[PDB]
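Asks: Build me a model from this:
(chains A, B, C, D, E, F, G, H, I and J)
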Amino acid sequence: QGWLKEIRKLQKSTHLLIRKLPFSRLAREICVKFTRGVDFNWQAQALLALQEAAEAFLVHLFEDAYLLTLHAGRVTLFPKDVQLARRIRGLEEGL
Amino acid sequence: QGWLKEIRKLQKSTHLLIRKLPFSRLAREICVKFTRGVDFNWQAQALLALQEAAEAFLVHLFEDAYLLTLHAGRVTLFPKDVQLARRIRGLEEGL
Amino acid sequence: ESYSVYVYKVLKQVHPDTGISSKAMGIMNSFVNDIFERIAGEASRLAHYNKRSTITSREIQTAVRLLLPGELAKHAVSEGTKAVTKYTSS
Amino acid sequence: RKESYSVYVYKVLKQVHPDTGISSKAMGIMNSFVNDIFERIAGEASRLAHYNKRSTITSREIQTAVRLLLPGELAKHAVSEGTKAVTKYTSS
Amino acid sequence: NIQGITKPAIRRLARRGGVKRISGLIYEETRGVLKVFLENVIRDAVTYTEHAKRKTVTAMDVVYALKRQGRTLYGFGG
Amino acid sequence: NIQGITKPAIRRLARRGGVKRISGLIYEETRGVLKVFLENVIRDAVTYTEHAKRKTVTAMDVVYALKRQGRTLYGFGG
Amino acid sequence: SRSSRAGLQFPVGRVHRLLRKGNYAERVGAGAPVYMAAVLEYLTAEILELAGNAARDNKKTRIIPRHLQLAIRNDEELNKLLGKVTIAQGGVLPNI
Amino acid sequence: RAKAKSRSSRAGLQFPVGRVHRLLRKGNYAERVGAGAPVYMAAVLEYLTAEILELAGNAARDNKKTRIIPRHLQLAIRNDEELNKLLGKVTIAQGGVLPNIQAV
DNA sequence: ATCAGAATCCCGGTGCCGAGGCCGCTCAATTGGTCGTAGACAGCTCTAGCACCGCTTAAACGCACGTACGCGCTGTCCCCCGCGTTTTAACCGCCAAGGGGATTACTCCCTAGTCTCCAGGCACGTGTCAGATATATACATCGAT
DNA sequence: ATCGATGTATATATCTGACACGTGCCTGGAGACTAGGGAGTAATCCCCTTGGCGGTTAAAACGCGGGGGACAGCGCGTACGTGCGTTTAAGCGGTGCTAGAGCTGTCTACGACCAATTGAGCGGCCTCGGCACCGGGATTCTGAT
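Replies: Numbers count the residues shown, from 1 in each chain, chains lettered A, B, ... in the order given. Here you go, the structure:
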């Protein structure tokens, strides 16, 4: 029953769940496409602000998709639930 | 299969589906509670603007709730689906 | 310039023994600034709809009754209408 | 006198489709659409000039507001239309 | 008098939304969500009306209430 | 580098969200959702950064780029 | 005519007056109403061309707001620009 | 000259009236700003600040802390229903999601 | 696949009324010219972002395995759609009153603007104590020996 | 699952660093005066909203019957959580460079601001043709067999 202890522990802590360096390299990889090949510098608080926003969006999408999962009469999340919550939330709230 | 002919005939047309006079009485009954007892007048275009907005809101909510219904393995729309569409639709875009 | 002095003054009025951290103070500065921009922009478009040039206390009172929910919009306009009526006495 | 955008929506309509017309209600839709997009682009440029400690809405804030608000293909054509019009206007 | 939002009208709204079958408990909740929507938009339109020195809820007050709540309406005001 | 968002990290985000069980197809769909979200935020932040005459994406540019999308983020822009 | 100078059909003087009397900023440049009216004219040309095609597909020589809704909701990007708006007297795009 | 009484002192407030007057004037909200609007605005901001600071102090006393961290600000905002509608579109940095492991 | 029988568009009349073209007028935009200041722009300081190295070491990962659960099938049984007759209230067309939107004209008083002081708030600096761990003690709380 | 092991709240013990109180300083806010226009306020015209009545007639309502579908039960079998050994890359902690943020100082194009003038655009008015409705052709789907 380690999922109950894990959910009960992760819903108390406030630390970032995605590790900071591969999220930084992901943000560099996405940022170099919109700058037409030139590389930009990032402030240290810019990546932390982006990581807080991305992780909060991901946990809110996961609780919405789990409401959809319990609507379907199951407990496992299937990506059809995340894909459905992205279009019930809208075109800019779920995207 | 009269439901299919009814769905296509209602999706072709643009006319207001709710009748104008009972919706007008509902809008005035709701309005008299907020105006501190003294009755207010409504313009002829105000009741039509509110009725177009309420009609478009109810059709969009029924589209979202029917997506949830087809997610649950059903074809009958159930009030739990409209409740869940309002819940995962947000605090701003729902209700 | 930030709202750190006033959030701390309000905090020591409300809870006299508690304190606030630096990151929570940044939350409070951002919260005060965001509610300021929302109420001021709503009063701005309220003055723009009626072809007026002045943001009075009526425009702020209407923007508070629009933006805030029902329970808060009956307390905030009490605080505002007590503060302005105190201020005009001077 | 109540100013509207009905004449220019008609001029643009005649240019794109010289045989069609617009109803009164669908001219109200377009006259409200232009006003809504004008309010959005100018408010975005307004807060964009407020961020950078500037007082002037020049063409950079309008172009950046267009790039912020619009989607990917519409932005790339709308900034081309805007830069072409600004170059044609300043070449006079 | 929300029972004037009749059962075939709620059925017509659901059939415009593409709903094939409708349970019998939909009609008492559609008349709750419609009441909540009206008690938001009419409250904001009455606030916009009472801010001016008016006693008439115009089409502009409803359009501005709806634009305040994020759902812009076109073709009535502007 | 999108595989650097590892399966334990996605599972930790889902367990924070309250999810009891997770299929194996969530990890390749959550990475696409994170790609789309970071593209939408980083495009606006790079647009704000390029609008100023700067080559460094600051912290305020992310906060403004999120308040653009309607998701406000308190704690960095004040 | 300033609008004619920029090769546009939307007005640059009315857009400059709405930018100056709209409280957006302390000062408004010269090319900002030109750029603004060009963007508005392009967006109006795009949605009117799609509405004209949607009206000609219905074999009508006149645009009613049903055709504007069929123009917005069928196009992918104008549906992202006009996602949270409601076209009056425009029926929902057919789907099931 | 008489002694300089600040405008937030005569209104019985703690948030500044002169600073919010300068922010309303230089903010391009309107070309003219009245006198009672900064007093009203500062009173509303001082009420909303004391309204989430009281619930934050309550959640810090419930966590047995004598100091407010933004986790307590999240627990204060997401628990009261009016502030959850006022701050629905607001992400609190370094704030954990409210504990809701649903009983299905 | 075959039926007779509803169900959909396609040519032709008929007519209403609203779009569109045209005109007079008036006000808002165009044209010159001034002039004060915001922004382009060089020059310089110095913060902090990037890059690297080396060592931990906690987290990721591969593999296997049991079992919880997804999913397809099936059987009662409720209860929603369709149909037919009532029946009732929305709606259209008149008609008439009058409340209140909207405009104008006068006029005060409120708020921008400026100049001068000076006290509130910010940057910096430093003690000290709240909180993060740490680790043996006592207390619930059940799952696997 | 009658107790035994197992996770979990008390509790004192360091210990670091971040909060909070203090000081010096400066620029932003308060006081006092002017002065011009925006908004308060009465007066009036006329729209347009409400209210009423009477017929009609389309839509709502009631009830009945049947068949679709919700939902509970169950079994097969896939795939997910868990445990454990292995491996790897994130994180710390230092260090060193330099790109670029940020600040200052000069100056020049640029946009606000007046006046005079007039053409673009708004209100109103009239006509005509697009569209709504209707009527048979001609075809083209739909349950029962």
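Asks: how far away is the residue minimising distance to the centre of chain C from residue H:18?
Replies: Most central in chain C under CA atoms, centre = their mean is residue C:36, positioned 6.3 Å from the mean C-alpha point. When distance is defined by CB to CB, to the nearest Å, residue C:36 is 14 Å away from residue H:18. (Each C-beta comes from the backbone N, C-alpha and C, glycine too.)
Asks: again, but for residue G:78
Replies: Distance of residue G:78 to residue H:18, given as CB to CB: 47 Å.
Asks: Which one's more surrounded, those two?
Replies: residue G:78 (20 against 12; other CB atoms under 10 Å in any protein chain shown).
Asks: Excluding covalently adjacent residues, which one is nearest to that one?
Replies: Of all residues not flanking residue G:78 in the chain, residue G:72 sits nearest, at 5.0 Å (CB to CB, 6 or more residues apart in numbering or on different chains).
Asks: can you give me the strands in chain E?
Replies: E:21-22, E:56-57, E:72-74 (DSSP state E).
Asks: Which one, of those, ends up nearest to residue B:1?
Replies: Closest approach to residue B:1 among the strands of chain E is made by strand E:21-22 (12.0 Å; CB to CB).
Asks: What pairs with that closest one, parallel or antiparallel?
Replies: Sheet pairing for strand E:21-22, assigned by DSSP bridges, gives strand B:76-77 (parallel).
Asks: looking at the strands of chain E, which is buried most?
Replies: By mean neighbour count, with neighbours taken as mean count of other CB atoms under 10 Å in any protein chain shown, strand E:72-74 ranks first of those at a mean of 24.
Asks: for it, packing partners?
Replies: helix B:44-71, helix D:25-51, helix E:59-68, strand G:85-87 (3 or more CB pairs under 8 Å, 6 or more residues apart in numbering or on different chains; DSSP states H and E).
Asks: Tell me the helices and strands packed up against the third one.
Replies: Contacts defined by 3+ CB pairs under 8 Å, 6+ apart place helix E:59-68 against helix B:44-71, helix C:22-49, helix E:26-51, strand E:72-74.
Asks: Tell me which of these sits most buried.
Replies: strand E:72-74 (a mean of 24).
Asks: Give me the sheet partners of that one and which way each runs.
Replies: strand G:85-87 (parallel).
Asks: is stretch C:46-65 anywhere near chain D?
Replies: No. Counting by CB under 8 Å from any CB of the partner chain, chain D has no neighbours in stretch C:46-65; the shortest distance is 9.9 Å.
Asks: Contacts for that stretch next, please.
Replies: C:39-40, C:42-44, C:73, C:76-77, C:80-81, C:84, E:47-48, E:50-52, E:60, E:64, G:22-23, H:24, H:29-34, H:36-37, H:39-41, H:44 (CB atoms under 8 Å, 6 or more residues apart in numbering or on different chains).
Asks: repeat that for 7 Å
Replies: C:39, C:42-44, C:73, C:76-77, C:80, C:84, E:47, E:51-52, E:64, H:24, H:29-34, H:36-37, H:40-41, H:44 (CB atoms under 7 Å, 6 or more residues apart in numbering or on different chains).
Asks: End to end on stretch E:63-78, go ahead and measure it.
Replies: End-to-end distance for stretch E:63-78: 9 Å, by CA to CA, to the nearest Å.
Asks: buried sites along it?
Replies: Buried residues in stretch E:63-78, defined by neighbour count with 16 or more other CB atoms under 10 Å in any protein chain shown: E:63-69, E:71-78.
Asks: Which residue is it, in chain C, that comes closest to DNA strand J?
Replies: residue C:19 (2.0 Å; CB to the nearest atom of the strand).
Asks: So that residue is in contact with residue H:67, correct?
Replies: Yes. If you go by CB atoms under 7 Å, residue C:19 and residue H:67 touch, sitting 4.7 Å apart.
Asks: Now do the contacts for residue A:63.
Replies: F:17-18.
Asks: And it, how far from residue H:104?
Replies: Here the criterion is CB to CB. By it, residue A:63 lies 13 Å from residue H:104.
Asks: Tell me who's in contact with the closest residue to chain B within chain E.
Replies: Residue of chain E nearest chain B, by CB to the nearest CB: residue E:4 (2.6 Å). Listed by CB under 7 Å, 6+ apart, the contact set of residue E:4 reads B:22, B:25-26.
Asks: out of those residues, who's nearest chain H?
Replies: Once CB to the nearest CB is applied, the member of the contacts of residue E:4 that ends up nearest chain H is residue B:26, at 24.3 Å.
Asks: a strand runs through the closest one, doesn't it?
Replies: No. Residue B:26 is assigned helix when assessed by DSSP: H, G, I helix; E, B strand; the rest coil, not a strand.
Asks: Wait, it touches residue E:3, no?
Replies: No. Contact between residue B:26 and residue E:3 fails when scored by CB under 7 Å: they sit 9.4 Å apart.
Asks: Settle it for me: which of those two has more neighbours?
Replies: With neighbours defined as other CB under 10 Å, residue B:26 and residue E:3 compare such that residue B:26 has more, 24 against 10.
Asks: Can you give me the distance of that one to residue B:15?
Replies: Per CB to CB, residue B:26 is found 19 Å from residue B:15.
Asks: Of the helices and strands packed on helix E:59-68, which is nearest residue A:5?
Replies: Across the helices and strands packed on helix E:59-68, closest to residue A:5 is helix C:22-49 (CB to CB), at 28.1 Å.
Asks: from the buried residues of stretch E:63-78, which single one is nearest residue A:36?
Replies: Nearest to residue A:36 among these is residue E:72, at 33.9 Å by CB to CB.
Asks: And the residue nearest the centre of chain G?
Replies: Short answer for chain G (CA atoms, centre = their mean): residue G:44, at 3.0 Å.
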